[PDB]
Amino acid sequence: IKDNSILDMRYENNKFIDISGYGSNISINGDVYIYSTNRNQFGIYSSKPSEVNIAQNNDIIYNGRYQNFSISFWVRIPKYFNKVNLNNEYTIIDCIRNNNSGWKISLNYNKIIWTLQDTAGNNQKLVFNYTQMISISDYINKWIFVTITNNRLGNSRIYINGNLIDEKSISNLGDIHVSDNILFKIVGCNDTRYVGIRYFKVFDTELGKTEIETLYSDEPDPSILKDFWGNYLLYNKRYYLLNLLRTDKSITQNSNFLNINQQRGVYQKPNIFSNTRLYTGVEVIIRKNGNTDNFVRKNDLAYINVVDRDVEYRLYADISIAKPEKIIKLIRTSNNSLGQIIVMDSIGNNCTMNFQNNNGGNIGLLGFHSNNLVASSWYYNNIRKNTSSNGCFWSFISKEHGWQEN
């Protein structure tokens, strides 16, 4: 609960502010990127002046040895692509006093690291391990929710996306005097890099499982759908399509049809990364039908078109087919609904698209049947419960700096 928060970083009126009430002063030095669609998201750089500093309220600088506390925030880490990234630990969030007591969040190739140390020098480390040798990653260049909880007379725990990952006793810990400041700055990184950070908070209690799941599900506006990277999905923006069941397949334009039988392919660099190609297949765009923003929200009505060199083709469910699988056809488009619309929605972070006629009657969920995309009513009564592996689940991939390919 917000009642136990002693530091709440938000962006407002072109600067960061602490809305917890303790009033810590937050200053931005150098070049700090602020995301346009969600100002609470910022990026810091490793090779040039760039940092966000929080001069903690004196009454918050924990010098105790019994005080319980927790921290949470989301971090966005670009794909590592150089050998210099392999064994190069660097801190991104620092609250260490005179190179000794305190806590800090650092990173390294395939790692997110938490360190907690006392005045004597004793410390404890928690680490989340992930990989770059994987077809599709839930971590690389995507917002990752991190949560550290500490019970002085118990354990220190690190959570990732709401789940418990590592846990160790901090009983060997005595007096812990944190730094007066909480510095967001990439320090010790031997490469030219940056990291994204959002919704950083500190609590004076040991957050429980249920309070962590709440922070995970609420912080970012839950009514707005998300793209592949975890950012807000937008109208009038090009995206590549990824089917969550057949993640190895590319969605291609055949004639006036859409195939999903071709391989996306693999992009790799020996001993650094190996992943299926994301930027392949047709580029689509989401268009509004007949407000103050371009955010695609749950239940919104919209049109989906393939963007082919300045020509847009509306995705049309061929309702002239009696079978439940109505192949998707491409029809050159501007306001003609063609007798149908698409209901945008999602189960978790999994996007769904439901083709319906004008009277609100269901035609079918976008999916595939043989080797083609189709709108099928079969999905309504055939969705696997807790798994993204459903032919009617999709992700929209925007080509961005944090993930480069051929």
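Numbers for residues come from their place in the sequence shown, where the first is 1.
> Per the entry, how many residues of the deposited chain go unmodelled between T333 and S334: none, 1 to 3, 4 to 9, or 10 or more?
Replying inline: Just 1 to 3 residues are missing between them.
>> If I compare the deposited sequence with the modelled residues, how many are absent between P270 and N271: none, 1 to 3, 4 to 9, or 10 or more?
In response: In the deposited sequence, nothing is left without coordinates between these two.
>> Quick check: 191 to 199 versus 171 to 179, which has the larger average CA B-factor in the record?
In response: Mean B over CA atoms: larger for 171 to 179.
> Which has the higher mean CA temperature factor in the PDB entry, 373 to 381 or 41 to 49?
Replying inline: If you average the C-alpha B-factors of 41 to 49 and of 373 to 381, the larger mean comes out for 373 to 381.
> Can you tell me which of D227, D248, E89, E325 has the highest Cα temperature factor in the record?
Replying inline: Out of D227, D248, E89, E325, the record gives the largest C-alpha B-factor to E325.
> Out of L315, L107, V127, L153, which one has a C-alpha B factor higher than all the others in the entry?
Replying inline: Answer for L315, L107, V127, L153: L153, with the highest C-alpha B-factor.
> Taking the entry's C-alpha B-factors for this chain, is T276 in the lowest, middle or highest third?
Replying inline: As the PDB entry reports it, the C-alpha B-factor of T276 lands in the lowest third of its chain.
> If you rank the chain by CA B-factor, which third does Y235 end up in: lowest, middle or highest?
Replying inline: Within its chain, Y235 is a lowest-third residue by C-alpha B-factor, going by the deposited values.
>> Test of reading the entry: by CA B factor among the chain's modelled residues, which third contains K298?
In response: Its C-alpha B-factor, which the entry lists for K298, ranks in the middle third among residues of this chain.
>> Per the entry's values, where does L241 land by CA temperature factor relative to the rest of its chain, in the lowest, middle or highest third?
In response: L241: CA B-factor falls in the lowest third of its chain.
>> When the deposited Cα B-factors of this chain's modelled residues are ordered and cut into thirds, is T119 in the lowest, the middle or the highest one?
In response: For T119, whose C-alpha B-factor we compare with every modelled residue in the chain, the answer is the highest third.
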